[PDB]
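S.K.: Data: model.json, JSON, C-alpha atoms and all ligand atoms.
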```json
[["chain", "number", "residue", "atom", "x", "y", "z"],
["A", 1, "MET", "CA", 138.99, 103.34, 132.79],
["A", 2, "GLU", "CA", 138.13, 100.45, 135.05],
["A", 3, "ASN", "CA", 138.29, 98.83, 131.55],
["A", 4, "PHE", "CA", 142.09, 99.11, 131.31],
["A", 5, "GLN", "CA", 144.98, 97.38, 133.05],
["A", 6, "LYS", "CA", 148.18, 99.44, 133.23],
["A", 7, "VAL", "CA", 150.94, 97.18, 131.93],
["A", 8, "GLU", "CA", 153.88, 99.64, 132.14],
["A", 9, "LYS", "CA", 155.03, 103.24, 131.77],
["A", 10, "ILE", "CA", 156.48, 103.68, 128.28],
["A", 11, "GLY", "CA", 156.95, 107.45, 128.07],
["A", 12, "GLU", "CA", 156.31, 110.92, 129.44],
["A", 13, "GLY", "CA", 155.92, 114.47, 128.14],
["A", 14, "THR", "CA", 155.50, 117.97, 129.52],
["A", 15, "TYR", "CA", 151.75, 117.54, 130.08],
["A", 16, "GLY", "CA", 151.41, 113.74, 130.06],
["A", 17, "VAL", "CA", 152.58, 110.28, 131.08],
["A", 18, "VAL", "CA", 152.09, 107.33, 128.69],
["A", 19, "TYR", "CA", 151.30, 103.79, 129.71],
["A", 20, "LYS", "CA", 151.14, 100.52, 127.81],
["A", 21, "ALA", "CA", 147.72, 99.17, 128.70],
["A", 22, "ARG", "CA", 145.39, 96.33, 127.78],
["A", 23, "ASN", "CA", 141.64, 96.70, 127.45],
["A", 24, "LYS", "CA", 140.13, 94.10, 129.82],
["A", 25, "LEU", "CA", 137.15, 93.54, 127.51],
["A", 26, "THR", "CA", 138.47, 93.58, 123.90],
["A", 27, "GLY", "CA", 141.93, 92.30, 124.97],
["A", 28, "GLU", "CA", 143.59, 95.03, 122.83],
["A", 29, "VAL", "CA", 146.89, 96.72, 123.73],
["A", 30, "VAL", "CA", 146.71, 100.49, 123.62],
["A", 31, "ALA", "CA", 148.74, 103.50, 124.62],
["A", 32, "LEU", "CA", 147.13, 105.37, 127.48],
["A", 33, "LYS", "CA", 148.03, 109.01, 128.07],
["A", 34, "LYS", "CA", 147.15, 110.46, 131.48],
["A", 35, "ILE", "CA", 147.00, 114.32, 131.39],
["A", 36, "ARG", "CA", 146.56, 116.30, 134.66],
["A", 45, "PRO", "CA", 139.12, 122.16, 130.51],
["A", 46, "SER", "CA", 136.40, 122.76, 127.90],
["A", 47, "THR", "CA", 137.87, 124.31, 124.73],
["A", 48, "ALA", "CA", 140.53, 121.54, 124.67],
["A", 49, "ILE", "CA", 137.69, 118.96, 124.65],
["A", 50, "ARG", "CA", 136.30, 120.03, 121.28],
["A", 51, "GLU", "CA", 139.87, 120.41, 119.97],
["A", 52, "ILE", "CA", 140.87, 116.95, 121.17],
["A", 53, "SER", "CA", 137.62, 115.54, 119.77],
["A", 54, "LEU", "CA", 138.25, 117.18, 116.39],
["A", 55, "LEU", "CA", 141.58, 115.30, 116.34],
["A", 56, "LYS", "CA", 139.49, 112.12, 116.65],
["A", 57, "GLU", "CA", 138.10, 112.74, 113.15],
["A", 58, "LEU", "CA", 141.68, 112.76, 111.85],
["A", 59, "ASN", "CA", 142.02, 109.48, 109.99],
["A", 60, "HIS", "CA", 145.28, 108.78, 108.18],
["A", 61, "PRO", "CA", 147.64, 105.72, 108.09],
["A", 62, "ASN", "CA", 150.65, 107.91, 108.93],
["A", 63, "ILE", "CA", 148.89, 109.46, 111.92],
["A", 64, "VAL", "CA", 148.67, 107.57, 115.22],
["A", 65, "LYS", "CA", 144.96, 107.08, 115.74],
["A", 66, "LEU", "CA", 143.24, 108.50, 118.78],
["A", 67, "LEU", "CA", 140.89, 105.61, 119.64],
["A", 68, "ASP", "CA", 138.99, 107.10, 122.62],
["A", 69, "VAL", "CA", 138.89, 110.10, 125.00],
["A", 70, "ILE", "CA", 137.96, 109.45, 128.63],
["A", 71, "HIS", "CA", 137.15, 112.26, 131.09],
["A", 72, "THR", "CA", 137.03, 110.91, 134.64],
["A", 73, "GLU", "CA", 136.56, 113.30, 137.64],
["A", 74, "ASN", "CA", 139.19, 115.65, 136.26],
["A", 75, "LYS", "CA", 141.99, 113.76, 134.50],
["A", 76, "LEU", "CA", 141.81, 113.45, 130.73],
["A", 77, "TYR", "CA", 142.73, 109.98, 129.44],
["A", 78, "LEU", "CA", 143.73, 109.70, 125.79],
["A", 79, "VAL", "CA", 143.71, 106.23, 124.25],
["A", 80, "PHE", "CA", 145.93, 105.85, 121.23],
["A", 81, "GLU", "CA", 146.73, 102.98, 118.91],
["A", 82, "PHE", "CA", 149.86, 101.09, 120.03],
["A", 83, "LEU", "CA", 153.15, 100.98, 118.07],
["A", 84, "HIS", "CA", 156.16, 99.11, 119.32],
["A", 85, "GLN", "CA", 158.86, 101.77, 119.14],
["A", 86, "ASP", "CA", 159.69, 105.47, 118.69],
["A", 87, "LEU", "CA", 162.23, 107.08, 116.37],
["A", 88, "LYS", "CA", 164.65, 108.32, 119.04],
["A", 89, "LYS", "CA", 164.90, 104.80, 120.35],
["A", 90, "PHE", "CA", 165.40, 103.60, 116.74],
["A", 91, "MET", "CA", 168.04, 106.22, 116.07],
["A", 92, "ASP", "CA", 169.92, 105.38, 119.28],
["A", 93, "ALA", "CA", 169.76, 101.70, 118.34],
["A", 94, "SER", "CA", 171.17, 102.51, 114.84],
["A", 95, "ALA", "CA", 173.86, 104.91, 116.18],
["A", 96, "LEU", "CA", 176.97, 102.97, 115.09],
["A", 97, "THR", "CA", 175.78, 101.55, 111.78],
["A", 98, "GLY", "CA", 173.30, 104.16, 110.48],
["A", 99, "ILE", "CA", 169.74, 103.87, 109.22],
["A", 100, "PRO", "CA", 169.94, 102.87, 105.51],
["A", 101, "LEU", "CA", 169.12, 105.72, 103.08],
["A", 102, "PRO", "CA", 166.19, 103.84, 101.47],
["A", 103, "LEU", "CA", 164.59, 103.64, 104.89],
["A", 104, "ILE", "CA", 165.25, 107.31, 105.73],
["A", 105, "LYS", "CA", 163.69, 108.24, 102.37],
["A", 106, "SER", "CA", 160.61, 106.13, 103.06],
["A", 107, "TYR", "CA", 160.17, 107.50, 106.55],
["A", 108, "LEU", "CA", 160.36, 111.15, 105.32],
["A", 109, "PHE", "CA", 157.91, 110.42, 102.47],
["A", 110, "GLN", "CA", 155.35, 108.91, 104.90],
["A", 111, "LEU", "CA", 155.75, 111.69, 107.45],
["A", 112, "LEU", "CA", 155.25, 114.25, 104.67],
["A", 113, "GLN", "CA", 152.12, 112.25, 103.71],
["A", 114, "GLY", "CA", 150.91, 112.61, 107.29],
["A", 115, "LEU", "CA", 151.64, 116.35, 107.31],
["A", 116, "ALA", "CA", 150.05, 116.94, 103.87],
["A", 117, "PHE", "CA", 146.89, 115.32, 105.26],
["A", 118, "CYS", "CA", 146.81, 117.24, 108.56],
["A", 119, "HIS", "CA", 147.78, 120.44, 106.87],
["A", 120, "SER", "CA", 145.00, 120.25, 104.25],
["A", 121, "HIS", "CA", 142.65, 120.09, 107.24],
["A", 122, "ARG", "CA", 144.18, 123.19, 108.78],
["A", 123, "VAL", "CA", 145.61, 121.08, 111.62],
["A", 124, "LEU", "CA", 149.20, 121.52, 112.75],
["A", 125, "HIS", "CA", 151.28, 119.22, 114.91],
["A", 126, "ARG", "CA", 153.33, 122.08, 116.50],
["A", 127, "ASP", "CA", 155.71, 119.89, 118.52],
["A", 128, "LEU", "CA", 157.33, 117.44, 116.11],
["A", 129, "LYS", "CA", 160.26, 115.49, 117.53],
["A", 130, "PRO", "CA", 161.77, 111.96, 117.28],
["A", 131, "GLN", "CA", 159.90, 110.92, 120.47],
["A", 132, "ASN", "CA", 156.56, 111.70, 118.72],
["A", 133, "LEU", "CA", 157.36, 109.48, 115.72],
["A", 134, "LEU", "CA", 156.37, 105.82, 116.00],
["A", 135, "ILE", "CA", 157.43, 102.92, 113.80],
["A", 136, "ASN", "CA", 156.24, 99.29, 113.31],
["A", 137, "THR", "CA", 157.94, 96.14, 112.07],
["A", 138, "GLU", "CA", 156.11, 96.71, 108.76],
["A", 139, "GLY", "CA", 158.02, 99.86, 107.67],
["A", 140, "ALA", "CA", 155.35, 102.34, 108.72],
["A", 141, "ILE", "CA", 156.10, 105.60, 110.54],
["A", 142, "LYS", "CA", 153.45, 107.70, 112.27],
["A", 143, "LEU", "CA", 153.01, 111.11, 113.84],
["A", 144, "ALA", "CA", 151.89, 110.85, 117.43],
["A", 145, "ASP", "CA", 150.84, 113.28, 120.09],
["A", 146, "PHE", "CA", 149.79, 116.45, 118.33],
["A", 147, "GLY", "CA", 150.27, 119.55, 120.46],
["A", 148, "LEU", "CA", 147.42, 122.01, 120.98],
["A", 164, "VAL", "CA", 160.93, 119.92, 126.52],
["A", 165, "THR", "CA", 163.03, 120.29, 123.44],
["A", 166, "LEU", "CA", 163.28, 123.34, 121.26],
["A", 167, "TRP", "CA", 165.77, 121.57, 119.03],
["A", 168, "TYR", "CA", 163.01, 121.17, 116.41],
["A", 169, "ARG", "CA", 161.26, 124.51, 116.87],
["A", 170, "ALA", "CA", 161.02, 126.75, 113.76],
["A", 171, "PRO", "CA", 162.74, 130.17, 113.85],
["A", 172, "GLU", "CA", 159.49, 132.22, 113.52],
["A", 173, "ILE", "CA", 158.22, 130.69, 116.77],
["A", 174, "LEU", "CA", 161.51, 131.47, 118.44],
["A", 175, "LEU", "CA", 161.20, 135.03, 117.14],
["A", 176, "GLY", "CA", 157.78, 135.50, 118.79],
["A", 177, "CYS", "CA", 155.47, 135.12, 115.79],
["A", 178, "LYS", "CA", 152.11, 134.27, 117.40],
["A", 179, "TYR", "CA", 150.12, 133.18, 114.37],
["A", 180, "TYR", "CA", 152.54, 130.73, 112.86],
["A", 181, "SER", "CA", 151.60, 128.31, 110.09],
["A", 182, "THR", "CA", 151.81, 124.66, 109.01],
["A", 183, "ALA", "CA", 155.41, 125.55, 107.89],
["A", 184, "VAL", "CA", 156.70, 125.06, 111.46],
["A", 185, "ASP", "CA", 156.01, 121.32, 111.03],
["A", 186, "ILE", "CA", 158.14, 121.16, 107.88],
["A", 187, "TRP", "CA", 161.03, 122.91, 109.70],
["A", 188, "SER", "CA", 160.77, 120.35, 112.51],
["A", 189, "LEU", "CA", 160.68, 117.51, 109.98],
["A", 190, "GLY", "CA", 163.80, 118.90, 108.24],
["A", 191, "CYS", "CA", 165.68, 118.88, 111.52],
["A", 192, "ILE", "CA", 164.55, 115.26, 111.97],
["A", 193, "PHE", "CA", 165.63, 114.30, 108.43],
["A", 194, "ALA", "CA", 169.10, 115.78, 109.00],
["A", 195, "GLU", "CA", 169.26, 114.00, 112.35],
["A", 196, "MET", "CA", 168.35, 110.68, 110.74],
["A", 197, "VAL", "CA", 171.08, 111.22, 108.18],
["A", 198, "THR", "CA", 173.85, 112.41, 110.49],
["A", 199, "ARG", "CA", 172.95, 110.52, 113.71],
["A", 200, "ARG", "CA", 173.30, 113.81, 115.59],
["A", 201, "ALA", "CA", 170.71, 116.45, 116.46],
["A", 202, "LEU", "CA", 170.95, 119.24, 113.93],
["A", 203, "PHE", "CA", 170.33, 122.15, 116.33],
["A", 204, "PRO", "CA", 170.80, 121.01, 119.94],
["A", 205, "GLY", "CA", 170.06, 124.33, 121.71],
["A", 206, "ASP", "CA", 170.38, 124.91, 125.49],
["A", 207, "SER", "CA", 167.91, 127.76, 125.62],
["A", 208, "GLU", "CA", 165.70, 129.88, 123.44],
["A", 209, "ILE", "CA", 168.57, 132.17, 122.43],
["A", 210, "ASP", "CA", 171.08, 129.33, 122.13],
["A", 211, "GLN", "CA", 168.60, 127.49, 119.84],
["A", 212, "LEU", "CA", 168.25, 130.52, 117.65],
["A", 213, "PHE", "CA", 171.97, 131.39, 117.51],
["A", 214, "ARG", "CA", 172.81, 127.76, 116.71],
["A", 215, "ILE", "CA", 170.40, 128.11, 113.73],
["A", 216, "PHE", "CA", 172.08, 131.42, 112.97],
["A", 217, "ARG", "CA", 175.62, 129.92, 113.11],
["A", 218, "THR", "CA", 174.66, 127.38, 110.50],
["A", 219, "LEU", "CA", 172.11, 128.97, 108.14],
["A", 220, "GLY", "CA", 173.28, 132.60, 108.46],
["A", 221, "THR", "CA", 171.83, 135.40, 110.53],
["A", 222, "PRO", "CA", 168.63, 136.16, 108.72],
["A", 223, "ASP", "CA", 167.78, 139.65, 107.51],
["A", 224, "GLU", "CA", 165.44, 141.40, 105.07],
["A", 225, "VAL", "CA", 167.44, 140.02, 102.12],
["A", 226, "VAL", "CA", 166.53, 136.37, 102.81],
["A", 227, "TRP", "CA", 163.50, 136.84, 105.12],
["A", 228, "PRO", "CA", 161.47, 140.05, 104.53],
["A", 229, "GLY", "CA", 159.63, 141.21, 107.65],
["A", 230, "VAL", "CA", 162.10, 139.45, 109.93],
["A", 231, "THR", "CA", 163.44, 142.69, 111.53],
["A", 232, "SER", "CA", 159.84, 143.54, 112.46],
["A", 233, "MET", "CA", 159.34, 140.36, 114.57],
["A", 234, "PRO", "CA", 158.48, 140.67, 118.28],
["A", 235, "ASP", "CA", 161.71, 139.17, 119.62],
["A", 236, "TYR", "CA", 164.02, 140.16, 116.75],
["A", 237, "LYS", "CA", 167.05, 142.21, 117.83],
["A", 238, "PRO", "CA", 169.25, 144.40, 115.64],
["A", 239, "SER", "CA", 171.87, 143.37, 118.21],
["A", 240, "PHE", "CA", 172.02, 139.71, 116.90],
["A", 241, "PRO", "CA", 175.51, 138.67, 115.78],
["A", 242, "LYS", "CA", 175.85, 138.40, 112.02],
["A", 243, "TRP", "CA", 176.99, 134.89, 111.02],
["A", 244, "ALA", "CA", 177.84, 133.83, 107.45],
["A", 245, "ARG", "CA", 175.65, 131.14, 106.03],
["A", 246, "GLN", "CA", 177.88, 128.10, 106.07],
["A", 247, "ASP", "CA", 178.54, 125.61, 103.33],
["A", 248, "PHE", "CA", 175.47, 123.32, 103.27],
["A", 249, "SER", "CA", 177.78, 120.43, 102.22],
["A", 250, "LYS", "CA", 178.96, 120.57, 105.85],
["A", 251, "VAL", "CA", 175.49, 120.04, 107.38],
["A", 252, "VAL", "CA", 174.36, 116.57, 106.24],
["A", 253, "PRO", "CA", 177.26, 114.77, 104.61],
["A", 254, "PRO", "CA", 177.25, 112.42, 102.89],
["A", 255, "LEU", "CA", 173.63, 113.02, 101.87],
["A", 256, "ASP", "CA", 173.19, 113.29, 98.09],
["A", 257, "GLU", "CA", 172.30, 116.53, 96.21],
["A", 258, "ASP", "CA", 168.68, 115.56, 95.78],
["A", 259, "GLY", "CA", 168.41, 115.08, 99.52],
["A", 260, "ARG", "CA", 170.43, 118.19, 100.37],
["A", 261, "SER", "CA", 168.22, 120.12, 97.97],
["A", 262, "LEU", "CA", 164.91, 119.12, 99.61],
["A", 263, "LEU", "CA", 166.28, 119.69, 103.13],
["A", 264, "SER", "CA", 167.41, 123.29, 102.40],
["A", 265, "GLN", "CA", 163.92, 124.02, 101.14],
["A", 266, "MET", "CA", 162.46, 122.48, 104.27],
["A", 267, "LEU", "CA", 164.79, 124.78, 106.26],
["A", 268, "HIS", "CA", 164.17, 128.07, 104.48],
["A", 269, "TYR", "CA", 163.93, 130.90, 107.02],
["A", 270, "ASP", "CA", 160.89, 132.62, 105.42],
["A", 271, "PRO", "CA", 157.84, 130.44, 106.28],
["A", 272, "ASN", "CA", 156.09, 131.59, 103.13],
["A", 273, "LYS", "CA", 158.83, 130.23, 100.90],
["A", 274, "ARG", "CA", 159.42, 127.14, 103.05],
["A", 275, "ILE", "CA", 158.44, 124.12, 100.99],
["A", 276, "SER", "CA", 155.02, 122.72, 101.90],
["A", 277, "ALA", "CA", 154.42, 119.02, 102.59],
["A", 278, "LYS", "CA", 152.41, 118.49, 99.41],
["A", 279, "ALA", "CA", 155.11, 120.12, 97.26],
["A", 280, "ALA", "CA", 157.80, 118.13, 99.09],
["A", 281, "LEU", "CA", 156.17, 114.91, 97.94],
["A", 282, "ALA", "CA", 156.88, 115.88, 94.29],
["A", 283, "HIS", "CA", 160.57, 116.45, 94.80],
["A", 284, "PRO", "CA", 163.02, 114.39, 92.64],
["A", 285, "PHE", "CA", 164.39, 112.90, 95.89],
["A", 286, "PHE", "CA", 161.27, 110.69, 96.01],
["A", 287, "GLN", "CA", 161.49, 109.44, 92.39],
["A", 288, "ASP", "CA", 163.03, 106.17, 93.63],
["A", 289, "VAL", "CA", 161.16, 105.92, 96.94],
["A", 290, "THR", "CA", 160.43, 102.43, 98.27],
["A", 291, "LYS", "CA", 159.15, 100.72, 101.41],
["A", 292, "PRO", "CA", 161.80, 98.66, 103.24],
["A", 293, "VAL", "CA", 161.32, 97.42, 106.80],
["A", 294, "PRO", "CA", 163.47, 98.18, 109.82],
["A", 295, "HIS", "CA", 165.23, 95.60, 111.90],
["A", 296, "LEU", "CA", 163.59, 96.27, 115.26],
["A", 297, "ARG", "CA", 164.40, 94.64, 118.58],
["A", 298, "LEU", "CA", 161.15, 94.84, 120.53],
["B", 1, "LIG", "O1", 160.03, 103.42, 124.29],
["B", 1, "LIG", "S1", 159.02, 103.89, 123.28],
["B", 1, "LIG", "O2", 159.67, 104.10, 121.95],
["B", 1, "LIG", "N1", 158.33, 105.29, 123.85],
["B", 1, "LIG", "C1", 157.31, 105.90, 123.00],
["B", 1, "LIG", "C2", 156.16, 106.44, 123.86],
["B", 1, "LIG", "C3", 155.15, 107.18, 122.98],
["B", 1, "LIG", "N2", 153.80, 106.59, 123.09],
["B", 1, "LIG", "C4", 153.41, 105.54, 122.37],
["B", 1, "LIG", "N3", 154.13, 104.41, 122.36],
["B", 1, "LIG", "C5", 153.76, 103.34, 121.64],
["B", 1, "LIG", "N4", 152.63, 103.37, 120.93],
["B", 1, "LIG", "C6", 151.87, 104.45, 120.91],
["B", 1, "LIG", "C7", 152.23, 105.58, 121.63],
["B", 1, "LIG", "BR1", 151.13, 107.13, 121.60],
["B", 1, "LIG", "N5", 154.49, 102.22, 121.62],
["B", 1, "LIG", "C8", 155.66, 101.98, 122.24],
["B", 1, "LIG", "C9", 155.94, 100.69, 122.70],
["B", 1, "LIG", "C10", 157.13, 100.37, 123.34],
["B", 1, "LIG", "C11", 158.08, 101.37, 123.51],
["B", 1, "LIG", "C12", 157.82, 102.66, 123.06],
["B", 1, "LIG", "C13", 156.63, 102.97, 122.41]]
```
Using structure tokens, write down the structure that the file contains.
M.R.:
Amino acid sequence: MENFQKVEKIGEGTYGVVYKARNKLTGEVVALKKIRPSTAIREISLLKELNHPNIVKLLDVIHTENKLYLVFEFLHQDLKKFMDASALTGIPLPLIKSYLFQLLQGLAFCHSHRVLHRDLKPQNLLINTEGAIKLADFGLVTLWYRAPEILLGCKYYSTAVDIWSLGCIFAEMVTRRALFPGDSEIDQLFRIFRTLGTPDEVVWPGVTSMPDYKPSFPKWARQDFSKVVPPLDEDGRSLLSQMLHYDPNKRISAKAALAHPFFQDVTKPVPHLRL
């Protein structure tokens, strides 16, 4: 830790602050995450074994007199910043397609190892000048991307939460507006309800038995999906609706998402970044 020189603060999260930092020995630029603890240690260290090109690599873990330092590979930008920068013109569809494909590759990998991200959001998605996109900062202040089963109090939720989050992100990339920008836990859920229809036993069996479910919920009509992500094409709209199915068991999995016609013409363009 005496090994690193803090260059600047590049981000912060609910349980950490992130610094750009150079290793004084190797010369390498890394992302340092300062945290504040024993079960988390194994868990964090099991995430070290996680090796995939679409997952931001955890290089080292450093535990100094209480204070957990996580050292991550360094990427020059995050997706929120890239979306804000592309606000007026739009990210080109080929690039959106590529990004989704890669992120689904990341998820398919993590998921086959029974590891979930849990807190996917544009700030946890990092891009390079080479057209790569990577999942960063796996969880162990934004509910905009939180799956409905979590919101409904399901404790033992599955990999499917990460697909829901990714669907929200996909829509957001396409429309340049957050899909479900909730103000609270009940506003998040009713905003989902206003768009996808109040769920019940017809579309999501078991739903009325969920911890936080209330027979008092307003009943909204599922709205026209053509109204959600115009002018996305039918292949794209088709994948997205499957990524946003209420019932986690019928929600499309990452691996199956890779085989969707939408990705028949997938390519690898680069962004124009301003670093
Ligand atoms: O403004 S940012 O998009 N904020 C993203 C912070 C997330 N942490 C992070 N950042 C970068 N590489 C790896 C990691 Br982890 N790289 C990075 C470099 C410069 C600017 C940013 C990120």
S.K.: With all atoms listed in the file as the atoms that count, which of A:201, A:263, A:143, A:148 lies nearest to residue A:187?
M.R.: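 So, comparing all the options, the nearest one is A:263.
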S.K.: Rank A:284, A:292, A:100, A:259 by their smallest atom-to-atom distance to residue A:190, using only C-alpha atoms, and report the top residue only.
M.R.: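 When distances to residue A:190 are compared using only C-alpha atoms, the smallest one comes from A:259.
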S.K.: Do you know which residues are within 8 Å of ligand LIG 1 (chain B) using all atoms listed in the file? Can you write them as a PyMOL selection string?
M.R.: chain A and resi 10-12+18-20+30-33+64+79-90+131-134+144-145+298
S.K.: Quote the spacing between atom CA of residue A:147 and atom CA of residue A:123 in Å to one decimal place.
M.R.: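 Result for atom CA of residue A:147 versus atom CA of residue A:123: 10.1 Å, one decimal.
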S.K.: Got a sec: who's within 12 Å of residue A:249, counting all atoms listed in the file, leaving out chain neighbours fewer than 6 positions off, as a list in words?
M.R.: residues 194, 218, 219, 255, 256, 257, 259, 260, 261, 263 and 264 of chain A
S.K.: Residues within 12 Å of residue A:73, please, as a VMD selection string. Count only C-alpha atoms; anything in the same chain fewer than 3 positions from it doesn't count.
M.R.: chain A and resid 1 36 45 70 76 to 77
S.K.: Which of these, A:272, A:62, A:94, A:246, has the shortest distance to residue A:196 once you count all atoms listed in the file?
M.R.: A:94
S.K.: Given the choices A:168, A:4, A:180, A:193, which gets closest to residue A:108 if the distance is worked out from only C-alpha atoms?
M.R.: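 Closest to residue A:108, using only C-alpha atoms: A:193.
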S.K.: Between A:217, A:199, A:274, A:121, single out the one closest to residue A:170, counting only C-alpha atoms.
M.R.: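 Of the candidates, the smallest distance to residue A:170 is held by A:274.
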S.K.: Measuring between only C-alpha atoms, which one of A:2, A:116, A:65, A:270 shows the shortest distance to residue A:225?
M.R.: A:270
S.K.: What's around residue A:224 at 12 Å? Count only C-alpha atoms, leave out sequence neighbours fewer than 3 positions away in its own chain, and write the answer as number ranges by chain.
M.R.: A: 221, 227-233, 236, 238, 269-270
S.K.: Just the number, please: distance in Å from atom CA of residue A:72 to atom CA of residue A:124, one decimal.
M.R.: 27.2 Å
S.K.: Would you compute the distance between atom CA of residue A:3 and atom CA of residue A:17? Give it in Å to one decimal.
M.R.: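 Spanning atom CA of residue A:3 to atom CA of residue A:17 is a straight-line distance of 18.3 Å.
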S.K.: Write out as a ChimeraX atom specification the residues lying within 12 Å of residue A:198, counting all atoms listed in the file and excluding same-chain residues fewer than 5 positions away.
M.R.: /A:91-92,94-101,104,191-193,203,250-255
S.K.: Deliver the residues from the most recent selection as a file, using C-alpha atoms, as an mmCIF file, in the coordinates of the input.
M.R.:
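Here's the written file result02.cif:
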```cif
data_model
loop_
_atom_site.group_PDB
_atom_site.id
_atom_site.type_symbol
_atom_site.label_atom_id
_atom_site.label_comp_id
_atom_site.auth_asym_id
_atom_site.auth_seq_id
_atom_site.Cartn_x
_atom_site.Cartn_y
_atom_site.Cartn_z
ATOM 1 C CA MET A 91 168.040 106.220 116.070
ATOM 2 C CA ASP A 92 169.920 105.380 119.280
ATOM 3 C CA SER A 94 171.170 102.510 114.840
ATOM 4 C CA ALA A 95 173.860 104.910 116.180
ATOM 5 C CA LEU A 96 176.970 102.970 115.090
ATOM 6 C CA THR A 97 175.780 101.550 111.780
ATOM 7 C CA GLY A 98 173.300 104.160 110.480
ATOM 8 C CA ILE A 99 169.740 103.870 109.220
ATOM 9 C CA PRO A 100 169.940 102.870 105.510
ATOM 10 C CA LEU A 101 169.120 105.720 103.080
ATOM 11 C CA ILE A 104 165.250 107.310 105.730
ATOM 12 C CA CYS A 191 165.680 118.880 111.520
ATOM 13 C CA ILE A 192 164.550 115.260 111.970
ATOM 14 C CA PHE A 193 165.630 114.300 108.430
ATOM 15 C CA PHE A 203 170.330 122.150 116.330
ATOM 16 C CA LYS A 250 178.960 120.570 105.850
ATOM 17 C CA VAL A 251 175.490 120.040 107.380
ATOM 18 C CA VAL A 252 174.360 116.570 106.240
ATOM 19 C CA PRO A 253 177.260 114.770 104.610
ATOM 20 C CA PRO A 254 177.250 112.420 102.890
ATOM 21 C CA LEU A 255 173.630 113.020 101.870
#
```
S.K.: With 10 Å as the threshold, what does the neighbourhood of (165.0, 122.9, 115.9) contain in terms of residues, counting all atoms listed in the file? Coordinates are those of the file; answer as a PyMOL selection string.
M.R.: chain A and resi 128-129+165-171+174+184+187-192+201-205+211-212+214-215+267
S.K.: As an mmCIF file, in the frame of the given file, could you write out stretch 273-284 of chain A once it has been completed with N, CA, C and O atoms?
M.R.:
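Saved as result.cif:
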```cif
data_model
loop_
_atom_site.group_PDB
_atom_site.id
_atom_site.type_symbol
_atom_site.label_atom_id
_atom_site.label_comp_id
_atom_site.auth_asym_id
_atom_site.auth_seq_id
_atom_site.Cartn_x
_atom_site.Cartn_y
_atom_site.Cartn_z
ATOM 1 N N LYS A 273 158.077 130.881 101.956
ATOM 2 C CA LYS A 273 158.830 130.230 100.900
ATOM 3 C C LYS A 273 159.307 128.845 101.314
ATOM 4 O O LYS A 273 159.881 128.136 100.502
ATOM 5 N N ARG A 274 159.088 128.478 102.574
ATOM 6 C CA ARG A 274 159.420 127.140 103.050
ATOM 7 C C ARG A 274 158.567 126.162 102.281
ATOM 8 O O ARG A 274 157.376 126.397 102.089
ATOM 9 N N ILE A 275 159.180 125.091 101.793
ATOM 10 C CA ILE A 275 158.440 124.120 100.990
ATOM 11 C C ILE A 275 157.328 123.528 101.855
ATOM 12 O O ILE A 275 157.505 123.317 103.070
ATOM 13 N N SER A 276 156.164 123.337 101.240
ATOM 14 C CA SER A 276 155.020 122.720 101.900
ATOM 15 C C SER A 276 155.129 121.219 101.750
ATOM 16 O O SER A 276 155.796 120.732 100.820
ATOM 17 N N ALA A 277 154.465 120.491 102.641
ATOM 18 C CA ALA A 277 154.420 119.020 102.590
ATOM 19 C C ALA A 277 154.033 118.485 101.219
ATOM 20 O O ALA A 277 154.733 117.630 100.659
ATOM 21 N N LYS A 278 152.914 118.977 100.688
ATOM 22 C CA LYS A 278 152.410 118.490 99.410
ATOM 23 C C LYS A 278 153.474 118.684 98.340
ATOM 24 O O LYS A 278 153.725 117.777 97.567
ATOM 25 N N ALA A 279 154.114 119.855 98.300
ATOM 26 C CA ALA A 279 155.110 120.120 97.260
ATOM 27 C C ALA A 279 156.356 119.263 97.465
ATOM 28 O O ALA A 279 157.007 118.876 96.495
ATOM 29 N N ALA A 280 156.676 118.976 98.728
ATOM 30 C CA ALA A 280 157.800 118.130 99.090
ATOM 31 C C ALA A 280 157.672 116.698 98.555
ATOM 32 O O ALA A 280 158.674 116.023 98.219
ATOM 33 N N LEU A 281 156.433 116.233 98.483
ATOM 34 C CA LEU A 281 156.170 114.910 97.940
ATOM 35 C C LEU A 281 156.591 114.790 96.478
ATOM 36 O O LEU A 281 156.949 113.696 96.030
ATOM 37 N N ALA A 282 156.594 115.914 95.745
ATOM 38 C CA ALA A 282 156.880 115.880 94.290
ATOM 39 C C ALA A 282 158.333 116.113 93.953
ATOM 40 O O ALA A 282 158.686 116.323 92.798
ATOM 41 N N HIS A 283 159.180 116.078 94.962
ATOM 42 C CA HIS A 283 160.570 116.450 94.800
ATOM 43 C C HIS A 283 161.346 115.263 94.197
ATOM 44 O O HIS A 283 161.123 114.131 94.579
ATOM 45 N N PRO A 284 162.281 115.517 93.266
ATOM 46 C CA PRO A 284 163.020 114.390 92.640
ATOM 47 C C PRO A 284 163.553 113.345 93.634
ATOM 48 O O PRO A 284 163.731 112.178 93.279
#
```
